[PDB]
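# Inside the fold
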Amino acid sequence: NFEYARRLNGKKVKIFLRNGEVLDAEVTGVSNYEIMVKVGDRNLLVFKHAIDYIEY
Amino acid sequence: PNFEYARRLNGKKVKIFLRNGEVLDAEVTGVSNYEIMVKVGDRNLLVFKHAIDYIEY
Amino acid sequence: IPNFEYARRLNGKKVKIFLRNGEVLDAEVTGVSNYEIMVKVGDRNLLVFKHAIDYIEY
Amino acid sequence: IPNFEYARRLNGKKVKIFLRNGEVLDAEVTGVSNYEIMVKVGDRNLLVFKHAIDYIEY
Amino acid sequence: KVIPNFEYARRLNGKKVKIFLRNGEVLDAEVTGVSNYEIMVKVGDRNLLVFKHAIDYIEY
Amino acid sequence: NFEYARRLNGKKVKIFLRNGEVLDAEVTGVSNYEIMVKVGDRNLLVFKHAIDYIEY
Ligand SMILES: [Cl-]
Ligand code: NA
Ligand code: NA
Ligand code: NA
Ligand code: NA
Ligand code: NA
């Protein structure tokens, strides 16, 4: 049941999305399948399936 | 092992960024484990979550 | 509510299925399982995997 | 998830498998598991993963 | 526990196969192990762990 | 339950991602769905769904 992604809550990370976009993202919440982020003044729900990797 | 944030989007205006590069300016009309129902203008869509990259809300 | 899904509510309806490959199916839905949607497209019978669908207009 | 798949109805049948890579397999189905479809394409035996299939015409 | 139509990939263990990957790469491989989600192979001198989700089909 | 990827913990491997990228990666942790790696001085969380294969 363990996941490392939960430990990224509160960090500001780079999310490398599957299409080539990169989000500079403050992580505000993590669920089994989603990562909630703030990107500047935007709030996003990011699906983990759309992420390739995260630099932190 | 069950909680999801997407359920809280029900009833809200959102921007859905799809894996194909399309962007939907939508109102959410329902959310299930694997689907998000939306209105886009006059159109009614069932959107599979697997086809979504992210949602601005 | 285990296994609630909106897709099976499209059973018996005329829909437009937008596939991940860019194709759009003008379809009549004849069955919906957990992972598949059965459709008629003109004279053709198709088994469509839900994972290959982006969205459905109805 | 109940024990039902429409893909099982295609066992032993001639079908066209439309793959996510754009290929279309003219296939005879020789087995169906939860995640795979076993086929004969000409003289070739293939194990096809369902996740790689967009739809099947039958 | 005896479910014939559960997983065919496990029967590939120890066999020569051609693996067609989702990006168009093709592996001329020998299977050295199979798990629920992975296939272990030798390709030439190289040892690879291949995720099944990255495989389109396998010729055997 | 069993997975081979867990046995790569502590190894330096080449991770071939679905976008065509290769990571020269030291594996520092493995969960059901993630592989934690060091790539040079960068720390990454890599999702297994984004990996095609790993050379080890
Ligand atoms: Cl790909
Ligand atoms: Na969700
Ligand atoms: Na059908
Ligand atoms: Na899969
Ligand atoms: Na790929
Ligand atoms: Na790491």
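The header of this PDB entry states its title as "1.4A crystal structure of Hfq from Methanococcus jannaschii".

### Here's the deal with the coordination of the sodium ion (ligand 5)
Taken together, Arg-18 of chain F (O) and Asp-52 of chain F (OD) make up the full set of protein donors to the sodium ion (ligand 5), lying 2.8 to 2.9 Å away. Here the residue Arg-18 of chain F occupies a position in the loop between β1 (12-17) and β2 (22-30), and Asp-52 of chain F occupies one in strand β5 (residues 51-55), the gap between them amounting to 34 residues.

### Quick notes on the packing of aromatic side chains
Applying the stated criterion across every chain yields a total of 11 aromatic pairs over all chains. Measuring from centroid to centroid gives 4.7 Å for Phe-4 of chain D and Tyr-6 of chain D, while their planes differ by 85°, and the two rings are edge-to-face. The exposure class of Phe-4 of chain D is partly exposed, given its relative accessible area of 41%. Centre to centre, the rings of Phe-16 of chain F and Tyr-53 of chain F are 4.6 Å apart; their planes meet at 20°, and the pair counts as stacked. Of this pair, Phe-16 of chain F sits in strand β1 while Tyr-53 of chain F sits in strand β5, and the two are 37 residues apart along the sequence. For the pair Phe-16 of chain F and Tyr-53 of chain F, a shared accessibility class is recorded, and that class is buried.

### Let's talk about the UniProt feature "domain: Sm" in chain B
Within the UniProt annotation, "domain: Sm" is assigned to residues 1-57 of chain B. The straight-line gap between the two end C-alpha atoms of residues 1-57 of chain B is 24 Å; of that span, 0% is helix and 56% is strand.

### Quick notes on the interface of chain D and chain E
Listed per partner, the contact involves 18 residues of chain D and 17 residues of chain E. Buried surface at the junction of chain D and chain E, both sides included, amounts to about 1,600 Å², of which 54% is carbon and sulfur. Applying the counting rule to chain D against chain E returns 2 salt bridges. We note a salt bridge from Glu-59 of chain E to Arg-44 of chain D, for which the minimum N-O separation is 3.0 Å. There are 11 residue pairs in polar contact connecting chain D and chain E. Of all the secondary structure elements, the ones that give two or more residues to the side of chain D that touches chain E are β2 (24-32), β3 (36-41) and β4 (44-49) of chain D. If you tally residues by element for the side of chain D that touches chain E, the top one is β4 of chain D, at 6 residues.

### So, the interface of chain C and chain B
On the chain B side, the residues contacting the 16 residues of chain C number 17 residues. Of the roughly 1,500 Å² buried at the junction of chain C and chain B (both faces included), carbon and sulfur atoms supply 55%. Sorting the residues of chain C by area buried against chain B places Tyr-6, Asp-54 and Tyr-55 of chain C first, and these three jointly supply 46% of that buried surface. Applying the counting criterion to the chain C and chain B interface returns 2 salt bridges. Our count for the chain C to chain B interface comes out at 11 residue pairs in polar contact. The biggest single contributor to the side of chain C that touches chain B is strand β5 (residues 53-57) of chain C, with 5 residues. Residue composition of the side of chain C that touches chain B, by class: 10 nonpolar, 1 polar and 5 charged. Here 3 bridges tie strand β4 (residues 43-48) of chain B to β5 of chain C, and the two strands are oriented antiparallel to one another.

### Brief notes about the coordination of the sodium ion (ligand 6)
Distances from the sodium ion (ligand 6) to its protein donors, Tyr-56 of chain A (OH) and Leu-44 of chain F (O), fall within 2.5 to 3.0 Å. Taken together, the residues span two chains, with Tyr-56 of chain A in the segment after β5 (51-55) and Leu-44 of chain F in strand β4 (residues 42-47). Assessed through its relative accessible area of 0%, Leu-44 of chain F is described here as buried.

Definitions and cut-offs
Residues numbered from 1 in each chain as written, not as in the entry; some residues may be left out. Chains lettered and ligands numbered in written order. Heavy atoms only, no water. Residues with missing side-chain atoms left out of burial classes, pairs and counts. Donors = N, O, S within 2.8 Å, 3.2 Å for Na, K, Ca; no water. Helix = DSSP H or I, 4+ residues; strand = E, 2+ residues; numbered from the N terminus. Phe/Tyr/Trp six-rings, centres within 6.5 Å; stacked < 30°, edge-to-face > 60°. Buried < 20%, exposed > 50% of the residue type's maximum accessible area, 1.4 Å probe, protein only. UniProt positions renumbered as here; feature names shortened; annotations may be inferred. Contact = heavy atoms within 4.5 Å. Buried area = accessible area lost by both parts, 1.4 Å probe. Salt bridge = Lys/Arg side-chain N within 4 Å of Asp/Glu carboxyl O. Polar contact = N/O pair within 3.5 Å; in protein donor to acceptor, adjacent residues only side chain to side chain. Nonpolar A, V, L, I, M, F, W, Y, C, P; charged D, E, K, R; others polar. Pairing = 2+ DSSP bridges.

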